[PDB]
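Q: Before I ask anything, here is the structure I am working with.
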Amino acid sequence: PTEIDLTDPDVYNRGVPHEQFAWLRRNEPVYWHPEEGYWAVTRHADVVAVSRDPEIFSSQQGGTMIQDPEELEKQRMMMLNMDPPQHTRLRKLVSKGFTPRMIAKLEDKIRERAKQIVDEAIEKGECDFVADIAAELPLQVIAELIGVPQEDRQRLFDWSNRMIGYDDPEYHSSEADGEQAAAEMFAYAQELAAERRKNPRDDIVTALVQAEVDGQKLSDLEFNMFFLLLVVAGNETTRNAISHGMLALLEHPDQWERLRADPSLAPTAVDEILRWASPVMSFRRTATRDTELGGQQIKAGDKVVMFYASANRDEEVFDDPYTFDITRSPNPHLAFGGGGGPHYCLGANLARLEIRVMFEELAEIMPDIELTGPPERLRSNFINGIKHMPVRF
Ligand code: HEM
Ligand SMILES: C=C1CC[C@H](O)C/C1=C/C=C1\CCC[C@]2(C)[C@@H]([C@H](C)CCCC(C)C)CC[C@@H]12
Ligand code: NA
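As numbered in the authors' numbering, residues 8 to 42, 50 to 82, 87 to 411 make up the sequence shown, in order.
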C-alpha cells in the first residue's frame, strides 16, 4: 500500500482507513512514516505500552495532537498535555466529581432526559439523528452536571464545535475561531466559579472551586482549562459513539433486533459500540530519550502516534474484529485510552452511562428507525465524527 499520511484529515474523508491499519499491524506495526516524520503505533499491545510510560512517551514535550511554538505554549495548560508530577496533582483535584459512585447518582435524571428526547424525536417523525438525539442527550447532561442553565446549553455546543471543528468548513470560519471560543468560555466559566464560591450548588463547578488536595486548590487558569476540556469532551465524543452506534445497529439489523428483544444486552453493547466507533481515533506522544518499541529504535524527540482505531481491530486481541457483535466479551477496547495510562479517560463512567441509557430508551420505545440519506462525516484527523444523519421514525 502507498504510504498514506495518517496525520492528514483528508485521508479520513471516506471513513477510517482500516485496510491501511490492517496492513501496518501485520507487516510494520511500529512504522516510521517519513516526511517532521512520525511513528505509527497500530497494535493494541504497543498502544498500551506507550500509554503506560509517560516518562519515556511524554504528553507535555510536544503536546498530544498529531500534526506537526505558540500552539504548544497556548495548550500546555490543558491537563491532557501535562506529565507527572504536574499531571498527578491536577488529576487528583478535578476527579472528585467523576468517581463511579458520583456518576451512578445521575442515572435516573439521565434516563428522564433520554425518554423525553426520544419521545420528541418520534413525534417529529423525520429528523437529524445527530441534532435531535445523539448530540442533545450529552449536551443537556453536561450542562446540568457542570451547572450551566439549560437555556445556555446551545452556547456550550457551539463553542465545542468551534474548538474541534478546526478542519471542517462548517464549524470554523478561520484559524482563530477556537481561540475566540476559548476566550468566551473562560469568561463564562469565571462568572460561574465566582457565583458558586459565594453560593454553592450541587454541580461540578462547585466541586471544582471547593476541591483541595495536599494543600493545593485549582488556580484560575487550571479551572478554566478544565472547564473547557469537560465541555469539549462532553460534547464531541459521546455523541459520535451514539451516532456511529445507531448506524452500526441499523446496518447490522440482527444486532438491533437482539437489543430490542433483550434490553439486558445494553451494557455489553455499549463497549462494542465504543470499540466499533473508536470516536477518538489517535493521540500523540513524544519520546524523551532513546528507546526501543516493538523492536524498533525510537530516537529522543521523535513523534509517536497511537492509533486506537487500529488497536480496536487487533486480531491478536479480538476474534473476528470486523464483526459488530453486541455480546462480545471480554472486550478490552482502547476507546478510552490504553489501560494503565495516567490520562485514561476521566469521563469513561459518564460516557458509558449516557450511551447505555440512550440505547436502552431507543430500544424500548421500539420505533422503526430508518436512514433517509447518507450520514455526513466530520472532516478531522482526530475525531471519528458524524455531523448529520437524516432518519425517519
Ligand atoms: C465516547 C466518549 C469518550 C471517549 C472515546 C473519550 C476518550 C478519551 C481518551 C482517548 C482520552 C486520553 C486517554 C490517554 O491519553 O491515555 C481521554 C481523556 C480525557 N477525557 Fe474522555 N472520552 C470520552 C468521553 C469523555 C467525557 C464525557 C468526559 C467528561 C465529561 C471526558 C473527559 C476526559 C478528560 C478530562 C480527559 C483528560 C484526562 C487526563 O488528561 O488525565 N471524556 N478521553
Ligand atoms: C486550549 C486552548 C485554549 C487557549 C488557546 O486557545 C489554545 C487552545 C486550544 C484548544 C484546543 C486545540 C485543539 C484540541 C483541543 C485541545 C481539544 C482536545 C483535543 C479535546 C479532547 C476531548 C476528549 C477526547 C478528551 C480541547 C481544546 C482544543
Ligand atoms: Na415508523
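All C-beta atoms in this analysis are idealised placements derived from N, C-alpha and C, irrespective of residue type, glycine included.
How do the region 128-142 and the region 380-399 stand: do at least 3 beta-carbon pairs fall below 8 Å, yes or no?
A: These segments touch.
Q: When every heavy atom of ligand 1 is checked, does at least one fall within less than 8 Å of the C-beta of residue 151?
A: The answer is no for residue 151.
Q: Does the Cβ of residue 326 lie closer than 8 Å to at least one heavy atom of ligand 1?
A: Residue 326 Cβ: within cutoff of ligand 1.
Q: Buried or exposed: where does residue 31 fall if 16 or more other Cβ atoms within 10 Å of its Cβ makes it buried?
A: Its Cβ being crowded by 16 or more others within 10 Å, residue 31 is buried.
Q: Quick test of your reading: residue 300 and residue 80, contact by CB under 8 Å. State the CB separation rounded to the nearest angstrom.
A: The Cβ separation is near 6 Å, so the contact holds.
Q: When a residue counts only if its C-beta is closer than 5 Å to some heavy atom of ligand 2, which residues count, in chain order?
A: In chain order, the qualifying residues are 92, 93, 181, 197, 200, 250, 251 and 298.
Q: Ligand 3 and residue 385: does any heavy atom of the ligand fall closer than 8 Å to the residue's C-beta?
A: Yes.
Q: How far does the beta strand (DSSP E) with residue 146 in it reach, from first residue to last?
A: Residues 144-146.
Q: According to DSSP, which residues form a beta bridge with residue 314?
A: According to DSSP, residue 314 bridges with 311.
Q: Going by alpha carbons, who is nearest to residue 290 out of 241, 103 and 353?
A: Checked all of 241, 103 and 353; the closest Cα to residue 290 is 353.
Q: Sorted by chain position, which residues of the same chain lie with C-beta nearer than 7 Å to residue 296's C-beta, five sequence neighbours on each side aside?
A: If we look at residue 296 and ignore the five residues flanking it on each side, its Cβ neighbours are 326, 327, 330, 353 and 402.
Q: Please list, in chain order, all residues of the same chain as residue 113 whose beta carbon is under 7 Å from its beta carbon, the five residues on each side excluded.
A: Taken in chain order, the residues that qualify are 364.
Q: What did DSSP end up calling residue 404 once you bin it into helix, strand or coil?
A: If DSSP states are grouped into helix, strand and coil, residue 404 belongs with the strands.
Q: For a minimum of 3 consecutive residues, which ranges assigned as the beta strand (DSSP E) are wholly contained in the region 108-157?
A: Taking only runs of at least 3 residues, the beta strand (DSSP E) segments lying wholly in the region 108-157 are 144-146.
Q: Can you check the region 276-304 for any alpha helix (DSSP H) of at least 4 residues that lies completely inside it and give the ranges in chain order?
A: With a minimum length of 4 residues, the continuous alpha helix (DSSP H) runs that stay inside the region 276-304 are 284-295.
Q: Please classify residue 405 as buried or exposed, where buried requires at least 16 neighbouring CB atoms within 10 angstroms.
A: Burial call: buried.
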